[PDB]
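**Student:** Experimental coordinates follow, after the sequence.
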Amino acid sequence: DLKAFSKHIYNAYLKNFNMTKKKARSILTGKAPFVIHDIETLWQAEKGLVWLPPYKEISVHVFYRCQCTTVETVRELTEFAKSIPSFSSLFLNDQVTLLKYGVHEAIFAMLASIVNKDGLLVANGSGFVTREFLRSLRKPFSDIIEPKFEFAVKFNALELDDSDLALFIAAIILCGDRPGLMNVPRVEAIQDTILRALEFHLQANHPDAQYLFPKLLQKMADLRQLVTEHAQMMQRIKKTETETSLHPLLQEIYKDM
Ligand SMILES: CC(C)(Oc1ccc(CCNC(=O)c2ccc(Cl)cc2)cc1)C(=O)O
Ligand SMILES: CCCCCCCCO[C@@H]1O[C@H](CO)[C@@H](O)[C@H](O)[C@H]1O
């Protein structure tokens, strides 16, 4: 039962995310992606080696590739969530509310899967963008990406696997305290089932792990703070970078944060 619940969640995760952490870990270790570390390699990646609104400048261009990637992850997360029968039993507007406030927490948790201390995979693992290059970007674009790295490196210490991640992200999305939910008790009851499924699953999958479940609850709290700070950087970019186009779906997500 609690196993059939988790296994259903794990299959919805494999069914919907192109890049698993297993796939990613193969590539980052070497079982190779074109490395983008400066303007020249970026241009080469675009010419066809690895790959939008009208061009503006390099730092805005990278930001657009960020937007394109996160919009795609939002689409996958939505399909993943609709593939959870309990999620799909909420009223559609509550489903949207959960996604609105949950996807970025889930995106920054999943980002850890494709990152190491030196950069991150792009374009389905065919490119690799260095943390160095990202840091070099014009402000404020260089400050938005670096904190995700700090979180991702500590997060990867936990050494979760894809079966853990599927339950963790389900728990991030099925969150009872999002503003404007209609049926708080029903969502709270679903979240509780996922959390018990998670503790159960971690018991068997990480038998020697001390304090992993509470450590993961703290990561959920950490992700909430990451996304609050991220949304503050986005609102500032909206005010001061008026030439930078902002994808409409992402504008709706950030409207009231
Ligand atoms: C997209 C946007 C506006 O801001 C964000 C900025 C950065 C990241 C981290 C993920 N970045 C990437 O996946 C990424 C994609 C392509 C390139 Cl060339 C570099 C980095 C996530 C989100 C968002 O908040 O949705
Ligand atoms: C502003 C609110 C208008 C949107 C109304 C859509 C509500 C219907 O939403 C439906 O509810 C069902 C459970 O009742 C779910 O199983 C379905 O997935 C969902 O589509």
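**Tutor:** Cool, the structure landed. Residues are numbered from 1 along each chain as shown. Ligands and ions are numbered 1, 2, ... in the order given.

**Student:** Strands of the chain, residue ranges please.
**Tutor:** 34-36, 115-116, 119-122, 127-130 (DSSP state E).

**Student:** Enumerate the helices of this protein by residue range, in sequence order.
**Tutor:** 2-16, 21-29, 39-44, 58-82, 85-88, 92-111, 131-135, 141-157, 162-173, 184-205, 212-240, 248-254 (DSSP state H).

**Student:** where's the residue nearest the centre of the chain relative to ligand 1, distance?
**Tutor:** The centroid of the chain falls nearest to residue 107 when counting by C-alpha atoms, centre = their mean (1.0 Å). Separation of residue 107 from ligand 1 (C-beta to the nearest ligand atom, to the nearest Å): 6 Å. Heads up, the C-betas are built off the backbone N, CA and C, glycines and all.

**Student:** Hmm, that residue is touching residue 67, no?
**Tutor:** No: contact criterion C-beta atoms under 8 Å: residue 107 and residue 67 do not qualify, at 11.8 Å.

**Student:** Which of the helices of the chain sits closest to ligand 2?
**Tutor:** Among the helices of the chain, helix 92-111 comes nearest to ligand 2, with 3.6 Å by C-beta to the nearest ligand atom.

**Student:** now the closest one against helix 162-173, angle please.
**Tutor:** Relative orientation of helix 92-111 versus helix 162-173 (axes from the mean of the first three to the mean of the last three C-alpha atoms, to 10 degrees): 140 degrees.

**Student:** can helix 92-111 be found next to ligand 2?
**Tutor:** Yes: Helix 92-111 lies within reach of ligand 2 by C-beta under 6 Å from any ligand atom, at 92, 93.

**Student:** how about the residues of the stretch 101-250 of the chain near ligand 1?
**Tutor:** Counting by C-beta under 6 Å from any ligand atom, the residues of the stretch 101-250 of the chain near ligand 1 are 104, 111, 122, 129, 144, 145, 148, 230, 234, 250.

**Student:** Drop anything exposed from those residues.
**Tutor:** Neighbour counting with 16 or more other C-beta atoms under 10 Å marks 104, 111, 122, 129, 144, 145, 148, 230, 234, 250 as buried within these.

**Student:** Nearest to residue 94 among those residues?
**Tutor:** Proximity of those to residue 94, judged by C-beta to C-beta, is greatest for residue 104, which lies at 18.1 Å.

**Student:** circling back to that earlier point, which one of the residues of the stretch 101-250 of the chain next to ligand 1 is nearest to residue 257?
**Tutor:** residue 234 (8.3 Å).

**Student:** Contacts only, for the residue in the stretch 151-257 of the chain that ligand 1 sits nearest to.
**Tutor:** Residue nearest to ligand 1 within the stretch 151-257 of the chain: residue 250 (4.9 Å; C-beta to the nearest ligand atom). Shown in contact with residue 250 (C-beta atoms under 8 Å, 6 or more residues apart in numbering): 67, 70, 71, 234.

**Student:** now swap in residue 199 and tell me
**Tutor:** Residue 199 neighbours (C-beta under 8 Å, 6+ apart): residue 213.
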